[PDB]
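Here the structure is laid out as structure tokens; the discussion comes afterwards.
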Amino acid sequence: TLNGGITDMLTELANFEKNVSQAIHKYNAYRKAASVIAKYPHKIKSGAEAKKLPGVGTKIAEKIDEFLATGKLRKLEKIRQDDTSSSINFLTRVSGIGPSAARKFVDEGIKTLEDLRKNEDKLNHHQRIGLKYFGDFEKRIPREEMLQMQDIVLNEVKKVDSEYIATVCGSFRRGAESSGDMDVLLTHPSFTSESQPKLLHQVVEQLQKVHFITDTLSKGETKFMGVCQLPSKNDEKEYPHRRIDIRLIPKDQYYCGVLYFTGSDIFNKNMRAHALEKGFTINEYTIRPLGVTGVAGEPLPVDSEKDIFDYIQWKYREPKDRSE
DNA sequence: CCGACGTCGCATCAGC
DNA sequence: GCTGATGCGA
DNA sequence: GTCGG
Ligand SMILES: Cc1cn([C@H]2C[C@H](O)[C@@H](COP(=O)(O)NP(=O)(O)OP(=O)(O)O)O2)c(=O)[nH]c1=O
Ligand SMILES: [Mn+2]
Ligand SMILES: [Mn+2]
Ligand code: NA
Ligand code: NA
């Protein structure tokens with residue numbers, strides 16, 4: 001919060017670029033700038049000072065100058081009172097409503113949650129779920145609830161077939177005190193690259209049967225996106241509904257998957273950079289050697305996370321030490 | 001100057 | 001009905 | 001919007 005006013009500003013600008021102007025690369029630019037400023041251990045005195053940071057250029061330096069001198073940005077203040085733009089930006093907070101749908105809604109006079117509630121038949125299945133759990137989906141999940149959620153998922157998975165391997169990844173696996181969602185990775189010895197596709201279905205079905213999974217956003221043969229909720233403790237207040245994903249991955253690509261979806265974002269980029277250095281290319285699925293001309297060879301056998309590290313001469317890093 | 005900038009599974013649309 | 005495009009989330 | 005080939 002050292003430069004909180006600046007990073008709040010850049011984040012708000014980022015959102016209007018994505019949701020209103022539909023300029024995804026400007027969105028990412030503003031977030032890159034906000035992130036590098038968020039890490040900078042001094043209170044910024046000038047735009048010139050900030051411009052030394054990678055990701056902060058001429059225009060943002062100009063904006064920072066205006067903010068420091070006046071306490072605001074004229075453009076941002078203006079788009080804030082724009083009823084059309086502020087409404088488009090807001091509606092995209094509904095899961096399933098992106099920039100395109102939000103624009104169409106506002107175009108025909110639908111600008112609020114209240115308006116969405118009045119117009120169910122113009123909402124697809126995902127958008128209806130996003131509306132129903134609008135509040136819940138914006139809450140974070142305390143680690144304690146995540147632990148209880150993990151208890152349920154690992155138990156039910158093993159109950160379906162004890163040969164399943166399941167891992168809760170993401171921020172939880174890195175040991176975070178709270179999480180945005182629950183990322184579950186699943187594999188099974190009978191599922192390889194060279195291979196039934198009811199393997200995901202039976203796990204989803206069992207979680208529905210014990211009433212853990214409450215809604216489905218999408219479900220194919222390899223990826224489930226949905227909603228879950230912990231059971232209510234006696235006559236206590238109900239737990240918020242939570243977002244849960246389940247990914248079914250071939251055995252031979254499982255740990256490349258666990259690595260990637262454990263993160264963090266930044267650790268992943270660093271690791272992949274070091275791999276090219278050492279002559280390897282790592283994606284979410286595999287690790288392949290690069291020839292002298294840059295030609296990628298066959299995927300290398302991986303039977304653990306650590307295997308990936310050994311391939312690239314890196315010593316195993318604990319998930320709790322993967323913030324970068 | 002001017003193109004890159006993460007990527008891909010699933011739901012649903014657009015065209016035929 | 002089928003194929004490819006588009007929107008969306010993360 | 002920022003970067004860099
Ligand atoms: C979206 C995204 C995902 N990942 C792979 C690694 C992210 O850390 C990770 C898990 O994704 P997540 O749930 O979007 N992020 P998180 O679990 O670290 O954070 P949170 O608990 O959802 O807030 O998956 C990336 O490497 N880059 C990304 O941009
Ligand atoms: Mn997550
Ligand atoms: Mn996630
Ligand atoms: Na800079
Ligand atoms: Na949305």
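Throughout, protein chains are lettered first and strands after them, A, B, ... in sequence-line order, and every chain is numbered starting at 1. Keep in mind that the numbers below use all heavy atoms, side chains included, and drop hydrogens, waters and symmetry copies.
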(message) Taking B:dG6 as the reference, what is the distance to D:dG4 when you measure between their P atoms (whole Å, please)?
(response) 13 Å
(message) Looking at A:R242 and A:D136, is any side-chain nitrogen of the basic one under 4.0 Å from a carboxylate oxygen of the acidic one?
(response) no
(message) Could you tell me how far apart A:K269 (NZ) and B:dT7 (P) are, to the nearest whole angstrom?
(response) 13 Å
(message) To the nearest 0.5 Å, what is the distance between OG1 on A:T7 and OH on A:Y30?
(response) 14.5 Å
(request) Report the distance from atom CD1 of A:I129 to atom P of B:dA11, rounded to the nearest whole Å. (result) 13 Å
(request) Can you tell me the distance, in whole Å, between the OH atom of A:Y133 and the P atom of C:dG9? (result) 18 Å
(message) Need two values: the first and the last nucleotide of DNA chain D, 5' to 3', having an atom under 4.0 Å from any heavy-atom of chain A.
(response) D:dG1 to D:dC3
(request) Supply the atom-to-atom distance A:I6 CD1 to A:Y40 OH, rounded to the nearest 0.5 angstrom. (result) 10.5 Å
(request) Nearest whole angstrom, please: distance from the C1' of B:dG9 to the CZ of A:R247. (result) 8 Å
(message) Expressed as a whole number of angstroms, how long is the span from A:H125:NE2 to C:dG9:P?
(response) 15 Å
(message) On the nucleotide B:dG9, are OP1 or OP2 found under 4.0 Å from the side-chain N or O atoms that A:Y285 carries?
(response) yes
(message) Within the supplied structure, the quantity of interest is the number of heavy atoms (other residues, nucleotides, ligands) at a distance under 6.0 Å from A:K158 NZ; does it exceed 12?
(response) no
(request) At under 4.0 Å between heavy atoms, which parts of nucleotides 3-8 of chain C does protein reach? Answer with one letter per nucleotide, 5' to 3': B base, S sugar-phosphate only, - none. (result) ----SS
(request) Identify whether A:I165 and A:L200 are in the same connected component of the hydrophobic contact network (ILVMFWY, side-chain heavy atoms under 4.5 Å). (result) no
(message) Just to be sure I understand the rule, does A:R31 reach a base, reach only the sugar-phosphate, or reach nothing, if contact means heavy atoms closer than 4.0 Å?
(response) nothing
(message) For a quick check of understanding: with a heavy-atom distance under 4.0 Å over all strands, which category does A:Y30 fall into, base, sugar-phosphate or nothing?
(response) sugar-phosphate
(request) Please state how far atom NZ in A:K32 lies from atom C1' in B:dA4, giving the value in whole angstrom units. (result) 11 Å
(message) Can you measure A:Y27 atom OH to B:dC5 atom P for me and round it to whole angstrom units?
(response) 18 Å
(request) Report which part of the nucleic acid A:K59 touches: base, sugar-phosphate, or nothing (heavy-atom distance under 4.0 Å, all strands). (result) sugar-phosphate
(message) How many whole angstroms separate atom CG of A:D265 from atom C1' of B:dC5?
(response) 15 Å
(message) Can you identify which nucleotide, out of C:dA10, B:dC10, B:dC5, has its nearest atom closest to the A:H25 side chain?
(response) B:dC5
(request) Could you tell me whether A:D82 and A:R80 have a side-chain N and a carboxylate O separated by less than 4.0 Å? (result) no
(request) May I ask you to say whether A:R93 pairs ionically with A:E138, meaning some side-chain N is under 4.0 Å from a carboxylate O? (result) yes
(request) Using the salt bridge (charged side-chain N to carboxylate O under 4.0 Å, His left out) rule, collect all pairs that involve residues 289-308 of chain A, keeping only residues at least two apart or in two chains. (result) A:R173-A:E305, A:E305-A:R322, A:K306-A:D310
(message) I want to know whether A:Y311 and A:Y255 have ring centres closer than 6.0 Å.
(response) no
